[PDB]
Structure formats: C-alpha cells, structure tokens
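**Student:** sequence, then structure. It's an experimental one.
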Amino acid sequence: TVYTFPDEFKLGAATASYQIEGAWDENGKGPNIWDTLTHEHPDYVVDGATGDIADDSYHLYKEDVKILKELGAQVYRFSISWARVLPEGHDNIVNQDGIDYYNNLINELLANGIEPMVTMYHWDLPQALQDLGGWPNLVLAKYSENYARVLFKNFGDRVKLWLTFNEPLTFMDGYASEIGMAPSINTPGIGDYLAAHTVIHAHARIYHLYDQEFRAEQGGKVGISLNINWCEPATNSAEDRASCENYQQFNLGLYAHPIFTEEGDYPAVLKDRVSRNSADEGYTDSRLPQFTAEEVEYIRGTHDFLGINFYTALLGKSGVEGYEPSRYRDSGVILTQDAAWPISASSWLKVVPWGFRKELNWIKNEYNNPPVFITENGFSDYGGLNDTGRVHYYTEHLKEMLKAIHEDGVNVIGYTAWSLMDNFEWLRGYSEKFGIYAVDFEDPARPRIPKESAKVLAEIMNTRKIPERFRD
Ligand code: NA
C-alpha cells in the first residue's frame, strides 16, 4: 500500500517558458527581463548563455508532447510567456502568434491524452513593466489581472489547472542583488518585500477574476507554486527549533500565511521581526509593507490547492546572520548544510529525502491539510544518460511522499518532475542538467533523448507503484 499511488493522483513533468522555448523575438514576441539579463549582462550567467534558442520548444512543441507521451505523463506543467502573448506587457495588444502557439501546444497535449497545467508567471516579466519598477510597483497587480484575463479567455475552455505564480520567494530575490536573478536590482530587505506584496495582491486579483468571470463556465482550479526547503534543527534544542520555525515562516509563510490560513496576513513573526529591526536601524517606517484589514480578507482563501516545489533541506540554528537589511538577516536563523548529505551539480541542492516528508507534515499542520500538488522536484548533474543519482533522488523522494500520503494522511494530489528535459538553468546556463531527457545544445535540431531516470519514471507511471528494487 505505502508503495502505490492513489488512483486519482496525477503524475507528470514540468518546464518553464524562458527555459525551453527560444524564439525570443520571433513573430511579435516582446522582450522580457531575461532577454535583457542574458543580452546585457552575460557576465552574470555561466558561459554567457542565453535562452535565445534553449530547447527550441517554440518550434519543437510536438517533440515535447511525443516524449511526454512516451513517458506516460498524465499532466504537463508548462508556463506561458507574458511577452509572447502581450508584447507590451499591458493588454492593449494581443499577439495572435502567441495565442496560436499555446493553443497548438494545449491541443496537441489533449489529442495525446495529456492534461495541461499552466503557470501564468514563471519569471519572464515584460521589460516594459520592469521599466515601471517591476514587482515592487503595486500597479503590476492590475496588469497581472489583465494578463490572466487574456489567458482564461483564450485557454480556459481547455485548461483546468492554473498556477498564478512560480516561486515568488525566488524571483523576489531579483530585487535583492545587483548580479543575481533578473532584473538584478540591489534593494535587499526593501524591494524584495515590496515585490512579494505586489505578487500576493496580484495572485488574489487573479483568483477573484477567475471566480467572477470564468469559474462557472470553465470549472477549473487555481493555485500558486511556492518553493520551500526543509529546515532541520541543528541540535534538538528549543532555541534551534524556534529558528527553524522562523525559517518556515520567512520562506513559505511569507506567501502562504496570507493566502492559506483562516486569519490571513503575513505571519506574526515576520511582521514583528522586521518591525523591530527597522526601528532599531532608525527607519520611521517598517521595511515590511502592510495589508489593511480589507486586503487581508480579500487575499485569504484565494486558493483551490497549494503547489509546492521541493528540492532540499538546510540545518537551522538559533542566531542572526546576513547583511543589514536583508530577508535572511530578518529571519533569525543561521543556515548550513550537513557535509554528509549527498551532493548534486548545484551548490544549494543536497539530497535529503526525509526532509520532503517533514515539510509535507509541516504544511499539513500549518494550513489544515490543503490539497498539495508537487509542481517541482528534481536533481542536477553535469551530463550523462546513466543518471543513477537522479534515479535515486526520484525513487527516494517519491517513497517519502508516499509515506506522507499513506502513513501521515497528507492530501498530496499530484506530482510533476522538474524537468521534462535539460534546459536553460537561469544563471547557471546550460551547465547544470535537471532533465529526465537529455538535450544536445550543440545540435540545431535539439534532439531529446531519454536518460535512465526517464525510463524509471515511465515504469513508475505505468505501474503506479515504486518498483521492488527501489524499496527499502
Ligand atoms: Na484576447
């Protein structure tokens, strides 16, 4: 039993637009902040890589569907490029080529028995909107609503699973470093919080829009994809436990407390620690933006499920470190990794599968067991088809998830592996490989070829169980 997927559980794989599509200026697509970063600041990216071509999925989408069908995916999670649909960011111009492209992908998926799951925003903000300040500027919440309306109107007759945002915890950091994630702005502890605030408002507007304009007719579900690392106490002390709770609240709770709790608003510890730190440093006003009571009520409850991206764990101990001001310093935890944990090709990613089960339980308890869709989980290497590390990563994480479901009663409803294929890994370029299919980025045809992990995942998807040879 503990090794079998529930009958209704959905298995598949995931990608994101900038990471795979290419065709960055083709057929009317406007520029986004990742076009800007990779063109103007190749020094920020391994190898000076760009997403100009990537996997060429703009042209090769039928090949993506082919490998999804081979895999036996029930669901394909992909994102829509805002500037491919609305090249000016605002909704005055709708690019028919972009509409056609995503319709073609959706129709090809459905014709092959694969359900689309669409992320509206996976980090590729139109440059025209960044030029107003981007996410720190609250005007983007209405612009986001208008973008979502175009998506629901055009695609919602065939798409029943939506994610408003992917990893705002990550993309807010694009406003906390001059050399990091697009748009590479250095406003740590100030602009990143403003970005989060706008995103939360935007998410809520999109959810209400769906309720008001589309749900009765379309009958789908709207969630949001939040990343979170498990944070294990470095020692069993109450003090180290407190630091790990701080971590959860400052990373997951920042977004999930406003949306997924009955109370809404930011977590109290977030409000209180930032207020105290801001006062101590002489600011008249807290660096953390505030919601009014009316906003709190508007935002809370704006969900049909919780999307989770899970990869790894950290150790947390009592204390404070980081630069003043910053979210990490405000969070009141000292974070490390255990040297014993297996490594990957990514500095930040260690293999800690039991952390996945711990995190799922934390979520169950904090948010009253919401339906949870695992929208990403995966592992990096530098290359190779005999990807034993990736196979082990998947089989262990799936086993831990199945224990969470069957032993712990966590309502996990689906899982999409990150990623269907090797792709443009942001500031790491093509140097870190997360695919279950390999792609030759030196071959203009960008062939996708299965790794051992694709074969093992196909076996898991076909049999709906963890094969005996991978069991404890
Ligand atoms: Na339209």
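**Tutor:** The structure has been received and is ready for your questions. Numbers count the residues shown, from 1 in each chain.
**Student:** from here on, contacts and neighbour counts on C-alpha atoms
**Tutor:** OK.
**Student:** quick one: the strands in the stretch 1-150 of the chain?
**Tutor:** With DSSP state E, counting those that start in this stretch as the criterion, the stretch 1-150 of the chain has strands at 10-14, 75-79, 115-121.
**Student:** and stretch 455-465, which residues are buried?
**Tutor:** For stretch 455-465, burial by neighbour count (16 or more other C-alpha atoms under 10 Å) applies to 455-461, 464-465.
**Student:** take these and keep only those in helices.
**Tutor:** Among those, the ones falling in helices (DSSP state H) are 455-461.
**Student:** which among those residues gets closest to residue 151?
**Tutor:** The shortest gap between residue 151 and any of these belongs to residue 461, at 29.8 Å (C-alpha to C-alpha).
**Student:** that older thread, any chance of JSON lines for the ones in helices among the buried residues of stretch 455-465, columns distance to residue 295?
**Tutor:** Listed next are those as JSON lines, based on distance: C-alpha to C-alpha, whole Å:
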{"residue": "455", "distance to residue 295": "48"}
{"residue": "456", "distance to residue 295": "46"}
{"residue": "457", "distance to residue 295": "43"}
{"residue": "458", "distance to residue 295": "45"}
{"residue": "459", "distance to residue 295": "47"}
{"residue": "460", "distance to residue 295": "44"}
{"residue": "461", "distance to residue 295": "42"}
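**Student:** just curious, which of the residues you listed is nearest to residue 447?
**Tutor:** Nearest to residue 447 among those is residue 455, at 16.8 Å by C-alpha to C-alpha.
**Student:** surely the closest one and residue 71 touch.
**Tutor:** Yes: judged on C-alpha atoms under 8 Å, residue 455 makes contact with residue 71 at a distance of 7.4 Å.
**Student:** got TSV for the buried residues of stretch 455-465, with distance to residue 46 too?
**Tutor:** Converted to TSV, the buried residues of stretch 455-465 look like this (distance: C-alpha to C-alpha, whole Å):
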residue	distance to residue 46
455	30
456	30
457	30
458	32
459	34
460	34
461	34
464	38
465	38
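**Student:** out of those, which one sits closest to residue 148?
**Tutor:** residue 461 (31.8 Å).
**Student:** so what's the closest one closest to, chain neighbours aside?
**Tutor:** In this structure, residue 461 finds its nearest non-sequential neighbour in residue 72, 6.2 Å apart by C-alpha to C-alpha, 6 or more residues apart in numbering.
**Student:** separation between that neighbour and residue 83?
**Tutor:** 31 Å (C-alpha to C-alpha, to the nearest Å).
**Student:** these two - which one has more neighbours?
**Tutor:** residue 83 (27 against 20; other C-alpha atoms under 10 Å).
**Student:** I'd say that one and residue 31 touch.
**Tutor:** Yes: with contact defined as C-alpha under 8 Å, residue 83 counts as touching residue 31 (6.4 Å).
**Student:** what touches both of those two?
**Tutor:** Common neighbours of residue 83 and residue 31 (criterion: C-alpha atoms under 8 Å, 6 or more residues apart in numbering): residue 126.
**Student:** just give the nearest non-adjacent residue to residue 470, would you?
**Tutor:** Closest to residue 470 by C-alpha to C-alpha, 6+ apart is residue 395, at 6.6 Å.
**Student:** what about the one you found, which helix or strand?
**Tutor:** helix 388-406 (DSSP states H and E).
**Student:** need the CA coordinates for stretch 368-385. CSV is fine.
**Tutor:** C-alpha atoms of stretch 368-385 as CSV (Å, rounded to 0.1, in the frame of the first residue of the first chain):
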residue,chain,number,x,y,z
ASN,A,368,-5.1,22.4,7.7
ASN,A,369,-4.1,19.8,5.1
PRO,A,370,-4.8,21.7,1.9
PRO,A,371,-4.7,19.7,-1.4
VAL,A,372,-1.0,19.8,-2.3
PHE,A,373,0.3,19.4,-5.9
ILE,A,374,4.1,18.9,-6.1
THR,A,375,4.8,21.1,-9.0
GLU,A,376,8.6,20.6,-9.0
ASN,A,377,11.0,18.1,-7.6
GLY,A,378,14.3,17.0,-9.2
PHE,A,379,18.1,16.8,-9.3
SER,A,380,21.1,18.1,-11.1
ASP,A,381,24.1,16.6,-12.7
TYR,A,382,26.6,17.8,-15.3
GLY,A,383,25.6,15.4,-18.0
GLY,A,384,25.2,11.7,-18.8
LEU,A,385,22.4,9.3,-19.6
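**Student:** quick one: buried residues of that stretch?
**Tutor:** Along stretch 368-385, these residues count as buried under the neighbour rule (16+ other C-alpha under 10 Å): 369-381, 383.
**Student:** can you add secondary structure and distance to residue 471 and give these back as TSV?
**Tutor:** As requested, the buried residues of stretch 368-385 are arranged in TSV below (DSSP: H, G, I helix; E, B strand; the rest coil; distance: C-alpha to C-alpha, whole Å):
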residue	secondary structure	distance to residue 471
369	coil	27
370	coil	28
371	coil	26
372	strand	24
373	strand	23
374	strand	21
375	strand	24
376	strand	22
377	coil	19
378	coil	19
379	coil	20
380	coil	22
381	strand	23
383	coil	26
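**Student:** closest to residue 99 among those?
**Tutor:** Set against residue 99, the nearest of the buried residues of stretch 368-385 by C-alpha to C-alpha is residue 375 (23.9 Å).
**Student:** and that closest one, what does it touch?
**Tutor:** 14, 77, 225, 307-309, 414-418.
**Student:** of the residues you listed, which belong to strands?
**Tutor:** Among these, DSSP state E puts 14, 77, 225, 307-309, 414-418 in strands.
**Student:** having no further points to raise, I will conclude here.
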